[PDB]
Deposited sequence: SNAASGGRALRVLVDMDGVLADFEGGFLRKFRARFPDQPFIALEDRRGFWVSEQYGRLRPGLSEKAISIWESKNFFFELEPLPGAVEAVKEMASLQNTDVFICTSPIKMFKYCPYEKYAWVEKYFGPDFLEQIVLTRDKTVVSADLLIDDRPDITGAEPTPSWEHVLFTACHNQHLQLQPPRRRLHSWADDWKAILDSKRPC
């Protein structure tokens, strides 16, 4: 709730919305005779790069899944994500924004992201959405995001990046003092509190 309040940026894909599980389900359904990558075997952020190494033409097939209508809208929430962010947003002196990078193909993705937030968080939460391909230009105390490398036009972002665990990043050793949020069952309140006055 508004105050300066602690400000927390929460990524959407891979943190609130299950991009990896939604991708794999739809990929197997559309392309049942192709090999695939089980979630536990995912390595590196870019799904299409790993699929491309697996078999020729598979990167293009992977791309076709996230470019399809309803891909973003039908993503399931990660366990605990909706409950956690609703609680977080209700805390005194705590402003939460959903800070999400849309894909370059804009026909469906931006729309569906707004629709997804309305569905799980309600109309009033639409005010908290920030769509950007550059998260470094958004100022905050924290950014909770599963991508290891968050870069852009601002060389010294104001936020601390807390790495949200995903299969693709779970084995990565981080440079101290970088830290993680393992899942929404993990103690996110303690991380927020560590940044408060």
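Numbered from the first deposited residue, the unresolved ranges run 4-7, 202.
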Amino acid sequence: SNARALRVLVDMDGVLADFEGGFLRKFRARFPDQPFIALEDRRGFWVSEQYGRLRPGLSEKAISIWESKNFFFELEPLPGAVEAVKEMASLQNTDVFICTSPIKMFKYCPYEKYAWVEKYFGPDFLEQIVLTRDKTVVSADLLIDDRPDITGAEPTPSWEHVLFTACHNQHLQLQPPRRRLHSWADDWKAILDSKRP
From here on, numbers count along this sequence of modelled residues.
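Relative to one another, 19-27 and 174-182 have unequal mean CA B-factors, and 174-182 is the one with the higher figure. Look at the C-alpha B-factors of 77-85 and of 111-119. On average they run higher in 77-85. Residues shown: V47, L58, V137, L163. Highest C-alpha temperature factor in the entry: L58. Across the options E40, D141, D146, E67, the residue with the most elevated CA B-factor in the record is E40. When all modelled residues of the chain are sorted by CA temperature factor, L131 is found within the lowest third.
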